[PDB]
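This document opens with one chain alone, in structure tokens, the form deposited in one PDB entry.
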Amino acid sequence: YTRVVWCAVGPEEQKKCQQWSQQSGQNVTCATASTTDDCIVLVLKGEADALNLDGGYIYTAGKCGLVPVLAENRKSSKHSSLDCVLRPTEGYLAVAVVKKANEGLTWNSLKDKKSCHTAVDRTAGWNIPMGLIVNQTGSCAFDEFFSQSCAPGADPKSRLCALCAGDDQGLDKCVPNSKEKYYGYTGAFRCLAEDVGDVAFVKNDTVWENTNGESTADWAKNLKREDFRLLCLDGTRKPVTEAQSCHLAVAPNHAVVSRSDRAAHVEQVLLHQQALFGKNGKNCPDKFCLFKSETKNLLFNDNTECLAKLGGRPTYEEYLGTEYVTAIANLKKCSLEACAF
């Protein structure tokens, strides 16, 4: 009851959950699956209680009757006086990033280039940019737009998985979990930085956290913000400082989801868990920090200040917004009330 089973996606999230489990006195416990979808099925079955999902997955989960419980809240400084847990969520910016040196690459010349995506079905990495691209070409053949990609979760023998590298020994190529080298926000940005792809579809924060010494990871130590450009929809290129005027969309924050009938209890445990291991928590940075994992974004994004309560006890459609929800429905016509599982 006052015991929550968290669902970890892959081995590194499993290991981070184990630590949290150990530290919480097993007030929190762990289940592991190989993909986010499998984790969603565990929650549906009642074998896991919760996990923190990107908005594209919140849409999947929502059709299956899962609900948003609490949202990631970022360190942005309006609503000055208001406590993090009560502060409204601001959303993040979906951007398309390229190298400066790749001159004359703009939004209007992306066809046949090489792309890096966080994973199939994700907001900044997939739903937004592909939604736009299908919209613009009036075609559903989005698997033939780019010449090669790393899009975790696509068919390992498609050109959408050609740029993916798998793990330390080349296994698990293109799995939508952190064993894939180029998975997630930092994986997709690394794919661009290493010059495997021509463009990466990530969020604004990813560029900042992995350049100018902010990272220290070996592939990122020498990366410089000036060496990157954002692609705007008007066909221009701007410095990464112009994200407010050069983005593809504003995305709803990642949120914790649970089965409706478990929402209340998952909420109370987690609010208590962040008091202990959150940003200014009793036991962070002393014993354990929930929101840290050295730019790996394990379980939660590394930039999370706190998990915030959601205004208007919203449904999943209200949490995602009509704008975004219609964008997804239209894109999914290419592959009605439903639930995939």
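Rigid core here is just the name for the largest C-alpha set that superposes within 1.5 Å across the two forms. Shifts are known only where both forms have a C-alpha. Sequential numbering from 1, following the sequence displayed.
Not pictured, yet referred to below: the form deposited with a partner chain bound.
**Q** With the partner left out of view, is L276 within 4.5 angstroms of the partner chain in the entry with it bound by any non-hydrogen atom?
**A** Outside the cut-off, so no.
**Q** How about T60: is it within 4.5 Å of the partner chain in the entry with it bound, going by heavy atoms?
**A** Close contact exists here: in the entry with it bound, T60 approaches the partner chain to within 4.5 Å, heavy atoms only.
**Q** Answer yes if any heavy atom of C64 is within 4.5 Å of a heavy atom of the partner chain in the entry with it bound; otherwise answer no.
**A** Yes, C64 sits close enough to the partner chain in the entry with it bound that at least one of its heavy atoms falls within 4.5 Å.
**Q** Considering only heavy atoms, tell me if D37 and the partner chain come within 4.5 Å of each other in the entry with it bound.
**A** Yes, contact at 4.5 Å.
**Q** With the partner chain left out here, work out from 306-314, 276-284, 41-49, 289-297 which stretch has heavy atoms within 4.5 Å of it in the entry with it bound.
**A** This holds for exactly one stretch, 41-49.
**Q** When the rigid core of both forms is overlaid, which of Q169, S81, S77, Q244 is the one whose C-alpha moves 2 angstroms or more between this form and the one not shown?
**A** Once the cores are aligned, the residue moving by 2 Å or more is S77.
**Q** After superposition on the rigid core, which segments of 3 or more consecutive residues show C-alpha displacements of 2 Å or more between this form and the one not shown?
**A** Moving stretch: 77-79 alone.
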